[PDB]
Structures are given as structure tokens and as C-alpha cells.
Amino acid sequence: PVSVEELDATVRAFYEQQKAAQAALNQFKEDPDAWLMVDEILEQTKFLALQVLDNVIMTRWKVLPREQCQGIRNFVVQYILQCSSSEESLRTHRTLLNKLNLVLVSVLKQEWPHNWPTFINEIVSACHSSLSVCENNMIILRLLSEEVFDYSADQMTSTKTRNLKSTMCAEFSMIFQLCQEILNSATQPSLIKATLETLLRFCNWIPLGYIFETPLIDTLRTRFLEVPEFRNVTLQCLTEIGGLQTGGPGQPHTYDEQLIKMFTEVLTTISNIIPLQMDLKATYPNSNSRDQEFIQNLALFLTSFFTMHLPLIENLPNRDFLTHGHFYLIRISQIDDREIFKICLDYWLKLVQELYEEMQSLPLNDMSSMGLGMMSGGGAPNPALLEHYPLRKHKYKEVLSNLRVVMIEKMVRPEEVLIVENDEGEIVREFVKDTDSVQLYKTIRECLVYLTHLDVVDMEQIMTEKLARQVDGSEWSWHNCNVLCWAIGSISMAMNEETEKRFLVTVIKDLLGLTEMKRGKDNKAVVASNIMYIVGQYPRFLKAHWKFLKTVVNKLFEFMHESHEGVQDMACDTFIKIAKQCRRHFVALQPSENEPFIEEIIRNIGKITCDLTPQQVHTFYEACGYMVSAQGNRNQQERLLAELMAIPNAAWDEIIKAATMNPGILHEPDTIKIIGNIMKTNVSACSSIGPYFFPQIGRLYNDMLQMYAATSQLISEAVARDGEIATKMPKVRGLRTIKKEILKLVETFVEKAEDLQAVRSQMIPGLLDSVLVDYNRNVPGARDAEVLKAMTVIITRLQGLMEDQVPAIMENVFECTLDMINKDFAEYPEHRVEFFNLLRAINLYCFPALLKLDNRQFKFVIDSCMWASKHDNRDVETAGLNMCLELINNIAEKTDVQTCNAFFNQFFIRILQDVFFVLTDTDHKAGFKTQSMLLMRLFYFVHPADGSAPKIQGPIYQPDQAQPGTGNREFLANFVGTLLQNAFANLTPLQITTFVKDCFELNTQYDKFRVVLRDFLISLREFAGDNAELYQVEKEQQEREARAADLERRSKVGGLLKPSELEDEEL
């Protein structure tokens, strides 16, 4: 319609849902009313119009006529020019103008890369016209820069974008000179700012000649760098230039002199801005957002420049610039801000690790056998023996020494410290946080260590003096104590044993004194937290100093009586830490004592653990378990074990006696709980003591089976009484809990047992007698998946010894469990997953007894396997596909030609078909690794590309009803071909032929096959539309080496691995 009448099709929208919707009804047109619109109407409506305009621009550009797109192009340019060509007009229509600018840049998106050569020229000229059009032209060049530049801005400039900067040589050069012109003359802040912001977005594309050979830098620094308004943006420019890569060592132009002049000068300017006496740590929080951003842009400048050209400033004759630049990085590093400190920390790590690796690569280490240098393993070298070496680390003496103070002060809570001061200052138990807090910790630990190595004397002096201020000279506070102690504990293994001995005696003494001196629940908790952390991180020290070991374990027991759950958690945690690392010192007769320390502990175990929660008690018994394991004297060990388990046994017998008087208490929530705690206590001590737990499991075993039976009887009655609804009631649930807990104990032991024949002879018959038929007779609501789990456990462990039992397990479990799994597509997931796992285990460790299973049942075995293959979860996808792999491989290479015949004859198609549908599916990209391996194996079974004589794995093929035509290689190839053409009908009969040929040829080389199949899949339409997971193998192969080289590096320097990362690395 006309402009005056459709104006209100929206004016009524602001001042009825009726007309509001009507304007939306006029949506699909060709913006014809838009041209007339912008000029005549009303301005809210103009906004609606421009919306329509832009939409049609992107959507309908190539389809629109070459004439009209030219029309709308000139149409927008004229209005940008109408608004921008006046001071006051620029200010009044800034909103409207911006909307337009966006429309122009979106037009530019399709036009400028097409065939608009003189755009830049036109912009530059329009700039010469007036200042206002100029400013808006800068804002347009800036928005345009976000379309062209930003896309290539995150790709780190590769060859693809590198050649772009070469072609657009002139195009960018002009924009430079336009900018240098304005910056040379302009005095309007709006204009200077817009122009500056544009320079930034074009710094990386402007030819290096104009950046360094012109006086651009000189003027950026002198005209704007010290002007508060422009300061941040100019520094961002200087950062981009200082961060520019000088790809020519000396070939095109080594700008070194330009850069040294630049950095040196900018740094002096900064010295005028930021006073020498200003506390950036204290100031920053009270500064405005602009001043804070300045501090961040400075941190970014210095780090960027040093990262890119550190040699230039390091080798300068003056050195004051190297030192003062880094001092700025230090003063900044003290500021309490996550993002800023992250910036600095990354640089710092690079710096310290490099300086260290200079020492590490000396040939002076070749004489380690005489006591010179640093043996690979660990321990910081004496600094004084390195002073007479021309080491870079000497140039940074004063800087590195201050960095140690900072790094300590900026320490973050270790994973081990299970307590935090909250927002309101209360000591609470918050275990861990986001990944970032832990990645931060890893990084800060790394710097702390390298710094310790670079000068262990300086580090020890600083930590020692700080600790003194905590004890006496009062810089005391939870924070300063925490921070210092987290640092101390984190550099563990970075000092040689001797040095560390001195230090630790001081530290542990001072801290042990602090625990008794500081009063109040909270002060006691903080100090305990710190002493626990440290001693837990220094097992090497504790081993060589029995008096210290006994003293800290005793203080641990003390902490276990604290009213703080977090403190208690840390006491048990530290206790098991030490008990595992120093187990042997608890069973031996220490020179000073009358008896082995474990005797004393076990004697008072009841008094020690009386304030502990059950989970803490479990941890306690597990630790004591390690101690017991260290007792090689089998008899002595059995007595130790008996006494340790005294209380749990007593509790157990009490429950058995009670349940004999009336079995009813078994479904009393308290009884269920108690039986649980007892079983868990056993599982804890057993998982630690290992195989020599057999006497304890032997004492309990009979009562355990009878209780399983008794609770089962009770479950029957509750169901017989009130039907299957009872299975989801409190009583039956809890009784089932008793059953599950018992099983978890026997599982724990079976996995530890070494006399596998004794387990098979004495336990297995009783266990199966008690769990199998009971599982079967139960209603679905009451069947325990833990029975499946436990079967998988005993089978995986005893393997062959369990073949004769597999038929009874199958008899009672297979059929009914299947029923639960089948009808219920989303119910009984535990049973579904564990059924699949039980079968897979039977296949892996009891293959012959698996054959005894007949066709009806065999079909379902395959059915389940394929299910797990087609599951959204990654672990179960790998699992199912893999059970298939293991199955077919077993059949082909362990059975008869007639049996394997029958099997492959009965399911080969079934398999390959499913394997194909999952492989060619748009989804399921995760299972490629096994799926490919499946395909290649299948083909090998039919036509193996190997043998000195013509060998094959399968005699005949699919039922005759399928194809009376004899032949495998033929049938296989043909049938596959058909399937292939079904996934994509665009396949030329040569493509389909080539593929199938590769399969028979590459069945020998998994990598060649897998790769060729990967490419063939990438080629097709559907697959290229959702990326490639098929590279899982290439990915893990990379990751493996990564963590392997990293472990390689870390291992070569003391402290980079927590002492708990060496126990496993050795054992």
C-alpha cells in the first residue's frame, strides 16, 4: 500500500495485537515500499523497513536482477550519506545510521568480494569531503573489518589468509594512509576514537612497511597514548604491532630497531602514566572500568611483546628496560583479578621453564656421577655452583626473586584441601571446583617448582621467613597461612633430600606449635588443614624420621575428634595417604618403641574412631589395611587382621544373634544401615590387604550366605502378601540393599583372590546355590542386577574354572533377564547393561561353554550385542560392537569348520547388515573404530588376502533360498554392492566396484583398510555434512604421545610430579 496508510500498521502495534500481527502479514514482498519508506514515513517504522531490506539482501541476492541490486546499493549509500553528511545529523540519527551501516556491510558481504573494486577509493574520497561522513566511514570500515578480518583472525593466519593479505596489498595500504592522515590532523574525540578503533582492526593486514617505516608509531605514542580517552585503544594498536610477526630474520626487513625504539619509548610513556609508587593491587579495585582495562591492556602489551621479541630487549646494553618491563608484569601480577593474572601466569611459565631448560641442557650434567649438575630424576641444584656460568637466568636475578614472593602469594587451594572459607567467612567443606581452578593450580605449581630449581636457596629463605611471620611476626591470617602452606606443599620433591630435611624440620615444628597456640574452632581448623596437607605431601621425609612420622599420625588421630566434618575428612584422607606410602613403618619394630606402631593403633581403634562418621571409618580401616598388607609374616599378619576387624566382627555377630531371635529386624532401616556399614568396612579393609583377607572373608562367609537367604525369604513374603507393588516399597528395597551389599563384599574379595582354585572349590558352589535360583524365582521388580554383576566378576576372575557352572548361570539368568530387557525398551537399564556384560564375559573367558548354548538362545546373544552397538552412549557403543568382534573372532579361530560354518551361515548377513546400517547411518559415527575392524574381519573370513596356500575361514555362505548360485567372494561382493547403492544412489558401478576390491585386498592391513574406508565415507554426500568421528584412532594416537612426552618432560625435574604420581609410576 502507500506510506501514510501502512505507517499505522505498526503505530497501532505500539500504542493492539491485531495490527501488530497485520504488519507481520505484509512480510513477503520485494521491499518496494522501502525506498519511499525511509524518506517519507514518520522512525520506528523505518527500523521495520530496513529489517525487511537486509533480509531480502542476504536471502535473495544472486536471484535478484543485476539492475535492482545496484538500485538498493545506491539507495543505501545515499541515506548513509544523508545522515552522516552533517555534524548534528550524525548525532541525531546515530541509531538509524547504524542500522543502515549494517545493511551496507551486509551488502558488502556479497558485493565487495564479487565485483566492487573502487569501494575503498569511494570511501577514501567521501572521507576527504567532510569530517562527519569521514567518522561514519571509519565506523563502516570497522564493521566491514569484522566480516573480512575477524573470520581469519582466529585461524592464526595460515597460507590461505596469508596470500589474501598479499593480494589486497593496495586495498589495505589505502586504509592505512587514510588513517594516518586523520590521526595526523583530527581533534574531534568521536572521530579520533572511531579511526583508532579502525586502525586496530587493520593492523594485521597493513603491509609491515607502513607500520614500521612510517612515523605511525611515533604519533600513536605522542598524540594519543597519554590521552585518557584514547589511551586504551592506542595501546591495543601498539600491542598488535608489537605482537606482529616479523617473518624475516633479515630477509625482507628485520625491523628490530623500529621495535626496540617502539617498546623502549612506550615503556617510558607508561612510566609517566603509572607512578613508581602506585599500588596496583590496592588501586585496581577502586579504579573505574576504563582504568582497569588499561591495566589489562598493559599486561597484554608487555606479555605479547616479550613473547614475540624477548631477545631484543634482553640483549639491550641498558637492561633497565628488560628489568622494568618485567617489574610492571610483577606489580600487575599482584592484582586480584582472574583474567589479568591468567594473562601474566601463562607468560611467566614460559619464561621460567625456558630459563630452567638452559641449565638443564648444560654438558655440566654429564658429570652427575661426581655430584655436579642435576641428575635427571629430581632435586634442585646448588645455585652458587652455577654463578660462574653465562646463564640467562642471571640477567633476571632481581625479577625472579620477586616472582617467587608473588607466586607464593597467588597460590590457590590444592585438590587435597577439603575445606574452604566461604563468602561470609565460615570454614566449610567444599571439596573441588571448576576445571579452571584446577588447571590454574597445575600452572602455578609448575612455576613454583621451576623457580625453586632456578634458585632453591632463595625459595627456602622466602618460605621460611614467611612461615616465621605466621608464627610470630604476625602477617597472620587464614589467607597468608593457607597461601604459604599450599606453596610449600606444592614444591614437594623439588629440593634434594638433605635440603628438604632441614626445611621440613623447621616447617613441621613451627606448624605443630601453631596448632596448639592458635585457639578457636576455626583457627584450629585452618592450621590443621595446612599441616595435614604438607605432611601428606612429604612421605619421603616422614619415612626417614620415625619420631616425626609417629608425631603427625598422632596429631591426625586428634583431628579426627574435631567437630568439623571437613577437618575430619582431611584427617582420614591424610591418614590413608601416609599409611599407603609408609605402610612398612607401621609393622616394623622401630628402634625407639617397644612394639610396632600398628599394634598400638589397632588397640585403640575404637577410641580413635568414635567421633568418625561411617564413611570416615571405612577410610580408616582401608589405611590400616595397607599397614596389615605390609606384614609379610603370614601368621602375624592373620592375627593383625583378626584384631583390626575385631569391632566389625563384634557388630556382625550382634546382628546375626538379633536376627536369629526374630528375622523381622532385618527390614528395620537401622539394621539395614548397620549391615551396610559392616560390609563396607570389610570391602575397605579387603581392597587394601588383598589376597590375605581370606581368613576374614572365611569367618563371615557362612553367615553372609544365610543372611542373603533370610532376607530373600522376607522379600518373598512381602511380595506374596501385597503383590509386586511391594517391590517398590521401603521394606523390600532395604532388604534388597542387604543382598546387594553382601554381593559387593564377595566381589571385592574374588577380584583380590590369588588361589583361584580355592575360590572355585569352597565359595562358588555356595554362592551360586544362594543367588542363582533366588534370582530366577523373584518377580522382575525384585531381581538384583548385582547378581549379574557378581557373575561377571567371578567369571572374569576364575575364567576356565567356571565353565562347568556357566550352564546353571544361563539356566537361571539368561531367559528371564532377557524377558525384562526385551519387552521393556526403557526399563531395567541396570539389567540390560549387565546382561550384555555377563554374556560378553562368558564369551571372553568361557567360550566352549558358550557353544553348549543352542540356536534359540544364540539368536538373542547376537540380538543383545547389536543393541549395545546402536546405543547413544559411547562406552556401551564401543562395548556392543566389541562383543560382536570378539564373538566372530572366537568362532573363526577356536571352533570347527562345521560349527563356524553353521554360525557364520546363520548370521553373517545379519551381522554385516547391522554393522553396515550403523556404519552408513548419519549417526553412530562414534563406533567407526570397531565397525571398520568388523567389516575388515568379516571380509577376511571370506576371502583373506593371505596364505602360502589358498586359505579361507568359512566354507559356505547364506541359505540356498537366498542364492542357489555357489560362491562366497562373489556373493559377498555382489550383496555389499547392492547395499552401497542403497545408501547413496549416485555411486558409479566403478566406485562400488573399487570399494569392494579394496576390502578383499586390505583385509590384512587394518590401517590401510580403515583409512580407505574413511575416505570413501568422506566422499559421499551425507557424511561430509556432520563431520568425521572416524579419526578417533588418529586422535588417541596423538593424545597418547602428548601425555607421554609431557610425562617425559615433567619426570625430568623434581617437584613436577606429586609424590603420589611416582608410587604408581613405579610400584
# chains A, B, ... in the order shown; residues from 1 in each chain; ligands from 1
call {"tool": "residues_around", "arguments": {"residues": "residue 10 in chain A", "least_positions_apart": "3", "cutoff": "7 Å", "atoms": "only C-alpha atoms", "output": "JSON, numbers by chain"}}
result
{"A": [7, 13, 14, 19, 20, 23, 45]}
call {"tool": "write_last_selection", "arguments": {"atoms": "C-alpha atoms", "output": "CSV table (one decimal), in the first residue's frame"}}
result
chain,number,residue,atom,x,y,z
A,7,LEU,CA,2.7,3.6,8.7
A,13,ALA,CA,1.2,-2.1,17.4
A,14,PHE,CA,3.0,0.2,19.8
A,19,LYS,CA,-2.4,-4.6,13.8
A,20,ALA,CA,0.8,-5.7,15.3
A,23,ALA,CA,2.3,-5.6,9.7
A,45,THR,CA,8.7,2.0,11.2
call {"tool": "residues_around", "arguments": {"residues": "residue 894 in chain A", "least_positions_apart": "4", "cutoff": "12 Å", "atoms": "only C-alpha atoms", "output": "PyMOL selection string"}}
result
chain A and resi 843-844+846-848+850-851+886-890+898-900+953
call {"tool": "write_last_selection", "arguments": {"atoms": "C-alpha atoms", "output": "tab-separated table (two decimals), in the first residue's frame"}}
result
chain	number	residue	atom	x	y	z
A	843	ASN	CA	32.43	-65.14	25.55
A	844	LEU	CA	35.80	-63.76	26.64
A	846	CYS	CA	34.40	-69.30	28.88
A	847	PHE	CA	33.99	-69.70	25.10
A	848	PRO	CA	33.48	-73.51	24.99
A	850	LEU	CA	29.14	-70.66	25.30
A	851	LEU	CA	28.96	-73.14	22.40
A	886	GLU	CA	35.24	-60.82	19.99
A	887	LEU	CA	32.46	-63.30	19.17
A	888	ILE	CA	33.09	-63.74	15.45
A	889	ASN	CA	36.85	-63.86	16.02
A	890	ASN	CA	36.43	-66.54	18.67
A	898	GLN	CA	31.28	-77.22	10.53
A	899	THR	CA	30.31	-75.24	13.62
A	900	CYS	CA	31.82	-71.96	12.46
A	953	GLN	CA	37.86	-69.15	7.24
call {"tool": "select_by_dssp", "arguments": {"residues": "range 908-953 of chain A", "states": "alpha helix (DSSP H)", "output": "ChimeraX atom specification"}}
result
/A:908-920,928-942
call {"tool": "residues_around", "arguments": {"residues": "residue 537 in chain A", "least_positions_apart": "4", "cutoff": "8 Å", "atoms": "only C-alpha atoms", "output": "PyMOL selection string"}}
result
chain A and resi 489-490+492+533+1058-1059
call {"tool": "closest_residue", "arguments": {"among": "A:885, A:567, A:491, A:630", "to": "residue 616 in chain A", "atoms": "only C-alpha atoms"}}
result
A:567
call {"tool": "closest_residue", "arguments": {"among": "A:124, A:742, A:679, A:956", "to": "residue 902 in chain A", "atoms": "only C-alpha atoms"}}
result
A:956
call {"tool": "residues_around", "arguments": {"residues": "residue 190 in chain A", "least_positions_apart": "2", "cutoff": "12 Å", "atoms": "only C-alpha atoms", "output": "tab-separated table (two decimals) with N, CA, C and O atoms, in the first residue's frame"}}
result
chain	number	residue	atom	x	y	z
A	87	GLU	N	27.21	17.42	10.94
A	87	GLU	CA	27.58	17.19	12.33
A	87	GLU	C	26.35	16.76	13.12
A	87	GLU	O	26.21	15.59	13.51
A	90	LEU	N	24.58	13.56	12.11
A	90	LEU	CA	25.31	12.38	12.57
A	90	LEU	C	24.89	12.06	14.01
A	90	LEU	O	24.62	10.91	14.33
A	91	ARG	N	24.82	13.08	14.86
A	91	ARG	CA	24.49	12.82	16.27
A	91	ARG	C	23.02	12.42	16.49
A	91	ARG	O	22.72	11.58	17.34
A	131	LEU	N	34.16	15.88	7.59
A	131	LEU	CA	34.61	15.15	8.78
A	131	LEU	C	33.57	14.16	9.29
A	131	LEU	O	33.91	13.10	9.79
A	132	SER	N	32.29	14.53	9.17
A	132	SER	CA	31.21	13.70	9.69
A	132	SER	C	31.03	12.42	8.87
A	132	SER	O	31.00	11.32	9.42
A	134	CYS	N	33.28	11.25	7.18
A	134	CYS	CA	34.54	10.56	7.46
A	134	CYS	C	34.45	9.64	8.67
A	134	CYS	O	34.78	8.46	8.57
A	135	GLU	N	34.01	10.17	9.81
A	135	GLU	CA	33.82	9.36	11.01
A	135	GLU	C	32.95	8.15	10.72
A	135	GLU	O	33.32	7.02	11.04
A	136	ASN	N	31.80	8.38	10.10
A	136	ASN	CA	30.90	7.27	9.82
A	136	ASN	C	31.50	6.29	8.81
A	136	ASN	O	31.17	5.11	8.82
A	138	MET	N	34.65	5.51	8.85
A	138	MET	CA	35.57	4.72	9.66
A	138	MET	C	34.80	3.61	10.37
A	138	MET	O	35.25	2.46	10.44
A	139	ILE	N	33.63	3.96	10.89
A	139	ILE	CA	32.78	3.02	11.61
A	139	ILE	C	32.30	1.93	10.66
A	139	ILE	O	32.14	0.78	11.05
A	186	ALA	N	43.17	15.18	12.97
A	186	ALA	CA	41.88	15.27	13.66
A	186	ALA	C	41.96	15.67	15.14
A	186	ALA	O	42.93	15.36	15.83
A	187	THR	N	40.93	16.38	15.61
A	187	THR	CA	40.86	16.80	17.01
A	187	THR	C	39.51	16.50	17.65
A	187	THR	O	39.30	16.80	18.82
A	188	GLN	N	38.59	15.92	16.88
A	188	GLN	CA	37.29	15.50	17.40
A	188	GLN	C	37.36	14.10	17.99
A	188	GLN	O	37.55	13.13	17.25
A	192	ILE	N	38.52	10.66	16.32
A	192	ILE	CA	39.80	10.05	16.67
A	192	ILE	C	39.60	8.63	17.19
A	192	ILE	O	40.33	7.71	16.81
A	193	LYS	N	38.61	8.46	18.05
A	193	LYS	CA	38.30	7.16	18.61
A	193	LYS	C	37.88	6.18	17.52
A	193	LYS	O	38.44	5.09	17.42
A	194	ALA	N	36.90	6.57	16.70
A	194	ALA	CA	36.42	5.69	15.63
A	194	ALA	C	37.55	5.27	14.68
A	194	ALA	O	37.65	4.11	14.28
A	195	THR	N	38.40	6.23	14.33
A	195	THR	CA	39.54	6.00	13.44
A	195	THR	C	40.56	5.04	14.07
A	195	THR	O	41.02	4.11	13.41
A	196	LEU	N	40.90	5.30	15.32
A	196	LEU	CA	41.81	4.47	16.10
A	196	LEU	C	41.32	3.03	16.17
A	196	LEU	O	42.08	2.08	15.94
A	197	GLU	N	40.04	2.87	16.50
A	197	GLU	CA	39.40	1.56	16.57
A	197	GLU	C	39.50	0.85	15.22
A	197	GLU	O	39.60	-0.38	15.17
A	229	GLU	N	41.15	9.38	27.17
A	229	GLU	CA	40.06	8.96	26.29
A	229	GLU	C	40.50	7.91	25.27
A	229	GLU	O	39.82	6.91	25.07
A	230	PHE	N	41.64	8.14	24.64
A	230	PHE	CA	42.07	7.29	23.54
A	230	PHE	C	43.04	6.20	24.00
A	230	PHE	O	43.28	5.23	23.28
call {"tool": "residues_around", "arguments": {"residues": "residue 97 in chain A", "least_positions_apart": "6", "cutoff": "8 Å", "atoms": "only C-alpha atoms", "output": "list in words"}}
result
residues 80, 83, 84 and 90 of chain A
call {"tool": "write_last_selection", "arguments": {"atoms": "N, CA and C atoms", "output": "short mmCIF file (atom, residue, chain, number, x, y, z; two decimals), in the first residue's frame"}}
result
data_model
loop_
_atom_site.label_atom_id
_atom_site.label_comp_id
_atom_site.auth_asym_id
_atom_site.auth_seq_id
_atom_site.Cartn_x
_atom_site.Cartn_y
_atom_site.Cartn_z
N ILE A 80 23.02 6.67 4.04
CA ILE A 80 24.17 6.73 4.92
C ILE A 80 24.80 8.11 4.75
N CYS A 83 22.45 11.04 6.27
CA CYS A 83 22.55 11.12 7.72
C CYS A 83 23.93 11.58 8.16
N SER A 84 24.97 10.99 7.57
CA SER A 84 26.33 11.27 8.01
C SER A 84 26.89 12.61 7.52
N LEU A 90 24.58 13.56 12.11
CA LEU A 90 25.31 12.38 12.57
C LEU A 90 24.89 12.06 14.01
#
call {"tool": "atom_distance", "arguments": {"atom1": "CA of residue 715 in chain A", "atom2": "CA of residue 669 in chain A"}}
result
14.6 Å
call {"tool": "atom_distance", "arguments": {"atom1": "CA of residue 874 in chain A", "atom2": "CA of residue 828 in chain A"}}
result
19.3 Å
call {"tool": "residues_around", "arguments": {"residues": "residue 273 in chain A", "least_positions_apart": "3", "cutoff": "12 Å", "atoms": "only C-alpha atoms", "output": "compact mmCIF listing (two decimals) with C-alpha atoms, in the first residue's frame"}}
result
# COMPACT_ATOMS: atom_id res chain seq x y z
CA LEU A 225 48.82 7.20 24.25
CA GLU A 226 48.80 9.66 27.16
CA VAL A 227 45.29 10.95 26.49
CA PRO A 228 42.89 9.08 28.85
CA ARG A 231 44.65 5.56 25.76
CA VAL A 266 56.13 3.20 25.04
CA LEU A 267 57.54 1.76 28.28
CA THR A 268 58.87 5.18 29.29
CA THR A 269 55.45 6.71 28.50
CA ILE A 270 53.82 4.12 30.77
CA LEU A 276 56.60 4.29 40.53
CA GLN A 277 54.93 4.32 43.95
CA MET A 278 51.44 3.19 42.94
CA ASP A 291 41.50 2.40 34.26
CA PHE A 294 44.21 0.00 30.87
CA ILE A 295 45.94 -2.30 33.37
CA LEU A 298 49.30 -3.12 29.53
call {"tool": "atom_distance", "arguments": {"atom1": "CA of residue 535 in chain A", "atom2": "CA of residue 552 in chain A"}}
result
7.5 Å
call {"tool": "select_by_dssp", "arguments": {"residues": "range 326-482 of chain A", "states": "strand (DSSP E)", "output": "count of residues only"}}
result
4
call {"tool": "closest_residue", "arguments": {"among": "A:147, A:600, A:415, A:960", "to": "residue 112 in chain A", "atoms": "only C-alpha atoms"}}
result
A:147
call {"tool": "closest_residue", "arguments": {"among": "A:180, A:523, A:78, A:232", "to": "residue 425 in chain A", "atoms": "only C-alpha atoms"}}
result
A:523
call {"tool": "residues_around", "arguments": {"residues": "range 596-598 of chain A", "least_positions_apart": "3", "cutoff": "6 Å", "atoms": "only C-alpha atoms", "output": "list in words"}}
result
residues 586, 587, 588, 589 and 601 of chain A
call {"tool": "write_last_selection", "arguments": {"atoms": "N, CA and C atoms", "output": "tab-separated table (two decimals), in the first residue's frame"}}
result
chain	number	residue	atom	x	y	z
A	586	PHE	N	54.80	-49.14	59.85
A	586	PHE	CA	53.79	-49.40	60.86
A	586	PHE	C	53.84	-50.84	61.39
A	587	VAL	N	54.42	-51.74	60.60
A	587	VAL	CA	54.52	-53.14	61.00
A	587	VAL	C	55.87	-53.47	61.61
A	588	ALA	N	56.89	-52.71	61.24
A	588	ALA	CA	58.24	-52.95	61.74
A	588	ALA	C	58.37	-52.50	63.19
A	589	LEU	N	59.40	-53.00	63.86
A	589	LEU	CA	59.71	-52.57	65.22
A	589	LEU	C	60.69	-51.41	65.16
A	601	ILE	N	47.81	-48.71	67.43
A	601	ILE	CA	46.67	-48.20	66.67
A	601	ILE	C	45.45	-49.13	66.76
call {"tool": "closest_residue", "arguments": {"among": "A:605, A:954, A:580, A:17", "to": "residue 1064 in chain A", "atoms": "only C-alpha atoms"}}
result
A:580
call {"tool": "closest_residue", "arguments": {"among": "A:153, A:883, A:794, A:41", "to": "residue 240 in chain A", "atoms": "only C-alpha atoms"}}
result
A:153
